[PDB]
Amino acid sequence: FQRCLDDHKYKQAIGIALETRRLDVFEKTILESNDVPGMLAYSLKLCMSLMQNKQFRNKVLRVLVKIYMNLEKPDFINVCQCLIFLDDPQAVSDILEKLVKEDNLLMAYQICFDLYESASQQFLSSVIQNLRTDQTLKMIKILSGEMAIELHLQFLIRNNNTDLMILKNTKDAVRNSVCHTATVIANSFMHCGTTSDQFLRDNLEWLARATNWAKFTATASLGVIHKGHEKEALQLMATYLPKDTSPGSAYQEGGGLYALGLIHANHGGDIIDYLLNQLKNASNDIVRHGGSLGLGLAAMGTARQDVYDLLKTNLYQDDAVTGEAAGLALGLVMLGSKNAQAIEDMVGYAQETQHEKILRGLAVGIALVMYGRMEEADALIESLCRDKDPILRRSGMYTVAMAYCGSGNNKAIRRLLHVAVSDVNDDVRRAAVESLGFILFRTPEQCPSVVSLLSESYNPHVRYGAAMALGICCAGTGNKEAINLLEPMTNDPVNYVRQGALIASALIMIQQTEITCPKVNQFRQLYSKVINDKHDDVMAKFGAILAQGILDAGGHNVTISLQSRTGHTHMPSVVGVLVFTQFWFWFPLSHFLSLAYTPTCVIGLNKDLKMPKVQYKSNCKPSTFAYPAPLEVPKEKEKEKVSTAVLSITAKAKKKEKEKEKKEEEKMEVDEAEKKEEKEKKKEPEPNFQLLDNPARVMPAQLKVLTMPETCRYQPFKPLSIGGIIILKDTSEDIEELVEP
Amino acid sequence: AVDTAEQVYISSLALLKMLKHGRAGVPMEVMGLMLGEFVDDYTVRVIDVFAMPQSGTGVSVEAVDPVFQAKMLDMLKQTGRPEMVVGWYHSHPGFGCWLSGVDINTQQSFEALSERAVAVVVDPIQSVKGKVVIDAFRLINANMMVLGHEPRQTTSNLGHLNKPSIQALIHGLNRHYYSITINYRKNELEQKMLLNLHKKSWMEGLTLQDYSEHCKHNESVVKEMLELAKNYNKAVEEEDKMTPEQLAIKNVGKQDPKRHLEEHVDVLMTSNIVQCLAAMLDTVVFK
Amino acid sequence: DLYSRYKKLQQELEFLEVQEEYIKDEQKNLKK
Ligand SMILES: [Zn+2]
């Protein structure tokens, strides 16, 4: 190592220093002489990307924050890149109280936004308890995440690019089947978070045609449109109460309660208490669904005891139909908890009951009670796989997915795929090969190489979960190798594996134009083909209409990503996607994918209210992309002719007629002309410097090619190469131009 | 408040009573009852099946004997378990499965008395090889003529288990009755006792079949394997550019070069090793 | 680069040992 000191190159030194687990040698190579003090930026990504163990990982991560505190400026990156992994609540609260104490409310204002976007529930609830132990009330709201929601609501109400006619050209092709549910899940997706009501307004008699569970689904879709609508939604569905809609319709009032849960997800308030008091005073059966699904969704990740107690005595009712309702919600309130009583009561209750709906609700629930434990589940992981209950073996496969999310464990991928080949039920073979993407989504290079040969199996159940493994591993990238695999998958003989190929195709290419990847316009007309064909299966075209809703979700402004901004992983985008895969067993679980709709936006709010109108531009390399025009080109074709092929004596007859024009045309008068190259002229001087205001949609590809106006004086604070929210460093004087609709 | 994509659980003990009693009276369309429990809205289970004495009429409402009914139910109350009847079945030998015009009237009688009263149709003489032509059905109303018959809902397990077959939709499918799915209440301690007791051999595992026919069979394969090797000589020394990817495909015959080859080498290997290895063990074990 | 190449060779090596494992396992289970 002294030779590595005599190297003067110290990345050679830092290799051995992390091999032999010694850490004072680690500290000295960064507190060396002045040779690039951003070696910590190399070492952070080195510990971020390729560290398998977690036992000494936090130790190396917290010997980093010793030199970050000993660095000149503490605030910027070290908290939300290290301490949220190291989950120290009061360490964050104290040093941010330090940052307020020197009267520095500009960068503490930044780090609270970055903390709320990245870090999870109950870490923010724990730090905000140690907050209150004004500008303090300013940092209450931006750590409780209040005003981040309304600006996110402000972005989507300003920007809305949906073609109304696309859903009209699918609506008229719907026969008297139960594709009405497939349409109302489509417009809810592509008006999610928009608060736009026109399809629940104009064709309202058509909406009243489908019944008895579409009424449950359609009024659940109403909560999807009003996602993040905190106070205005409670007075909105103060029209459709659980005692004012209809004394004969419980599906109306049941899905209303589930719609309140879809609005206020990850938001504690009176609505938890309001939904708790209506599970006290409840009707017979199908008020207890959307009550419990809504209540477990609003109390997700809270580990709240009082709601957890009554969901048990809801579960021990042994009612057949609320068993799916209770078991899903019982896991959501204990998500990532690792409780003694929760696993034991739910795996205890999973045998003496005599239905299997009750098993399927508790299937996902006991998989979701543990989340990212990474070694701490293996006694339960082994015990669920050994049992002779096929649903409980299937649930153990979801559990090993959710405990090992984003880790390249060889022990996972060995054990998870050994049962994929060997096991005798086919449903457990799916959830084996559906768990592939949950553990490998962080490195999407491997998932085409490992699922491609399983996509050509002999049974369709392996080929089904092969297709949705591509949909979840490569989440929203332009991978095009997964698209290369899905091309014969959507042309399968079996119907439901065609369905899964359509939905996985819709997941991979959201917000991607033709120049981004060429297979976009191939698949949009392919969706159009199998939705306008009359002799295809309803189940085969169910995925097609749902692929319409995914592909333009939120008016080309939201996206899905299990991966977050700052290297951290989402808890809602993982829970939102896997309970969405339980749409075979229950269609109204399809609303849960709206939890994973993360926005594509940059907002330059510098003060608490001040969002200045700042025009800044991108520098896309030869041309433009991004968020195209709607297509209104139905047809107007004409048969109009059959060409006269008379090659008889006409041939010499027309020739002597052309001689008759050689006396008439060139000897009396002829002059007519037109000008060339006017239409070629305007194309080449084009931009690639497109200025943008700051409600600004931005692709996650073009985050790196956008540039602040250096000719403008107002510069941002954070390095502006990644989308989300930043603050402006407002320099001079005379600030104006605030805008709110 | 309407039907879904339901589920029918039949016990393992039921199914053997079904297709033995059907195979017994193969010409004459046997008849029996179906005894289980309506467990919830949209699953149903049946645990037990007993037959019926056959009348001159055949499968109809008159073959249901009410005095044989209550007496058979009575002597199952005190022994085993009492439960409610959940349907009925009959055997259709000459064709797979569909409710006839007399089948549809006796379904009306039971669905008026009971909740749904699932019928079962079993073809014994078609169910032979490794699959069983058994199907279950349920009569649909005509009051929903302006609404969706088969009122199914929020699930994706309707396109499985059968597409509606052409020989069954030519009859009252799908405007008089609907199909319903069948899977089996299959458990351990009945699975293993039927596995291990039907196919087992203990002392046979180290017998000899000794050598007068074993070493004779070692002549029985080698001889044509010699001639088939000479046929293997023929194609390999041929090796002409007759567009050899076309020359290989225009003479597929389940024949010489690899198909009628080492398949024999496998059988010569497996027979002689298992013979000689069991021979060396008996010298080891017995003194 | 000299350390980052070394870990990327390990991660791929761990991966394509797993893929040769189950294909050898699947081909056994496919013969039945
Ligand atoms: Zn009959």
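Residue positions begin at 1 at the first shown residue.
Header entry for method reads electron microscopy, 3.3 Å.
Placed from the backbone N, Cα and C atoms, the Cβ positions cover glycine too.
Taken from Swiss-Prot, the feature domain 'MPN' applies to B:8-143, supported by sequence analysis. The motif 'JAMM motif' annotation in Swiss-Prot covers B:90-103, and the record cites sequence analysis as its basis. The Zn(2+) binding site annotation in Swiss-Prot covers B:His90, B:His92, B:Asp103 and rests on sequence analysis. Marked as phosphoserine by Swiss-Prot on the basis of a large-scale study or a structure entry: B:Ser127, B:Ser201. Swiss-Prot lists B:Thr243 with the feature phosphothreonine, giving a large-scale study or a structure entry as the kind of evidence.
Cα of B:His92 (Zn(2+) binding site) to Cα of B:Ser127 (phosphoserine): a span of 11 Å. For B:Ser127 (phosphoserine), the nearest of the recorded positions by C-alpha distance turns out to be B:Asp103; the candidates were B:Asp103, B:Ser201, B:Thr243. Candidate recorded positions: B:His90, B:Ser127, B:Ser201, B:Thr243. Those with a Cβ under 6 Å from ligand 1, in sequence order, are B:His90. A Cα-Cα distance of 46 Å separates B:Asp103 (Zn(2+) binding site) from B:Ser201 (phosphoserine). Across the structure, B:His90 (Zn(2+) binding site) and B:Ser201 (phosphoserine) place their CA atoms 38 angstrom apart. DSSP labels the residues of the motif 'JAMM motif' (B:90-103) in these numbers: 3 helix, 2 strand, 9 coil. Between the alpha carbons (Cα) of B:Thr243 (phosphothreonine) and B:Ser201 (phosphoserine) lies a span of roughly 54 Å. Here the recorded positions are B:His92, B:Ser127; the one with the fewest Cβ atoms within 10 Å of its Cβ is B:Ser127. Across the modified residues listed here (B:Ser201, B:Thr243), the residue whose Cβ sits among the most other Cβ atoms within 10 Å is B:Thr243. Take the CB of B:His90 (Zn(2+) binding site) and look out to 10 A: across all protein chains shown you find 23 other CB atoms.
Taking the centroid of the Cβ atoms of B:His90, B:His92, B:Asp103 as the Zn(2+) site, the other same-chain residues with Cβ within 8 Å of it are B:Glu29, B:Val59, B:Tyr89, B:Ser91, B:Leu99, B:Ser100, B:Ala119, B:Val121. In this structure, B:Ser127 (phosphoserine) belongs to neither helix nor strand by DSSP; it is coil. For B:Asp103 (Zn(2+) binding site), the Cβ neighbour count at a 10 Å cut-off comes to 21, with all displayed protein chains included. Under DSSP, residues within the domain 'MPN' (B:8-143) fall into helix, strand and coil as 38 helix, 36 strand, 62 coil.
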